[PDB]
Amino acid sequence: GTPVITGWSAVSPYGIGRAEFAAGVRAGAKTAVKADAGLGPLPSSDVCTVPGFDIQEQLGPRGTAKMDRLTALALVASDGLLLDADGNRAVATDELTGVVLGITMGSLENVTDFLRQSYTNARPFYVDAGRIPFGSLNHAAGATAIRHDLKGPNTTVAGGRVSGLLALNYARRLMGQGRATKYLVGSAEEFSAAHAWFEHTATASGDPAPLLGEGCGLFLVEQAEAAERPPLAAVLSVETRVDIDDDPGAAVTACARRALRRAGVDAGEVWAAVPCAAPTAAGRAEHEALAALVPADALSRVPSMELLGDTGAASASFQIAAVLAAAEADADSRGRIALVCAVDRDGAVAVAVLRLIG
């Protein structure tokens, strides 16, 4: 009953789809563009947006005029995962197909636009009523279920940079309890002016205005015995901690050692190790913890993600996607161990250990 990832998709600053993501990672492509003047004033004019992404162009004219970018990113990723390049159905789903999405704080654009209208219109509930449905933190996961007729478990979890790994562990547990036979698992973050200003406000006094990215990574997860497709990777362990002593290096080390022990593997077996590379002291501490723990060749196995910028809740999903893209490109990845880890500003630390198959 080991969970296996049998498919993946990505909408990222590399573009739309897993092939764009795979190519951009392999190329070390730059993704930073000058922000649309339409976004208004920003802490930084440089952003890592999904290129050529228009919500109505991607999703059509029905229910899309007021849709939040977060929801739109998740829906396009869900199409990439369940459909082929021509919209044919690639993955069979049913009422035992779960959905779990990780977020930071949903669409901050939606909630700030709402409150701004509350403060500035003639009365404090005189808001754009058509935007209200899209504001709910669970809207993206619920919209994915409406789109693909997914009557099974539908969950959204927060946790920011670790949210993709909390989502993965949540899916693993509910599958182990028989609540689902398959799961759509991932995480997503929109680019917004509101998010960029809140990040600039929250960052350590006089840190540089961060380069922010966006997108959604999603995986199809099945039980090994029952998989309707070849496994790309087995999920051997997902371990979590809370950094209660503000020592993220020690918290990462302790979390990774437990994840490897629970997987039944030595640190020396780790073939690829991908940290979240938060542009922070916690991010550098995470990097240095891994640089001591796993083989140096594991840290250089997967091209750096740094040119996607800070992708917030998408982080750990993009990290798993980079691992699967590396594994696919290298026959020698078969049966090897990959480690993904992330540290979130709110204290959570998470490490996943995968056996690559393919």
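Numbers for residues come from their place in the sequence shown, where the first is 1.
Colleague: Of the two stretches 137 to 145 and 86 to 94, which shows the higher Cα B-factor on average in the entry?
Modeller: Mean B over CA atoms: larger for 86 to 94.
Colleague: On mean Cα temperature factor in this entry, is 330 to 338 or 346 to 354 the higher one?
Modeller: Taking the mean C-alpha B-factor of 330 to 338 and of 346 to 354, the larger value falls to 330 to 338.
Colleague: Could you check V111, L165, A226, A72 and tell me which one carries the biggest Cα B-factor in the deposited entry?
Modeller: In this record, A226 carries the highest C-alpha B-factor of the candidates.
Colleague: Highest Cα temperature factor in the entry, among the options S237, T156, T280, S78: which one is it?
Modeller: Comparing C-alpha B-factors across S237, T156, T280, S78, the maximum falls on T280.
Colleague: When the deposited Cα B-factors of this chain's modelled residues are ordered and cut into thirds, is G176 in the lowest, the middle or the highest one?
Modeller: Ranked within chain, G176 CA B lands in the highest tercile.
Colleague: Just say lowest, middle or highest third for the CA B-factor of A19 relative to the other modelled residues in its chain.
Modeller: Answer is highest: the recorded C-alpha B-factor places it there.
Colleague: Lowest, middle or highest third: which one holds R161 when the chain's residues are ordered by CA B-factor from the entry?
Modeller: Lowest third, going by the recorded CA B-factors of the chain.
Colleague: According to the PDB entry, is the CA B factor of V127 in the bottom, middle or top third of its chain, that is, lowest, middle or highest?
Modeller: According to the entry, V127 has a C-alpha B-factor in the chain's middle third.
Colleague: Based on the entry's values, in what third of the chain does the Cα temperature factor of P275 lie: lowest, middle or highest?
Modeller: Middle third, going by the recorded CA B-factors of the chain.
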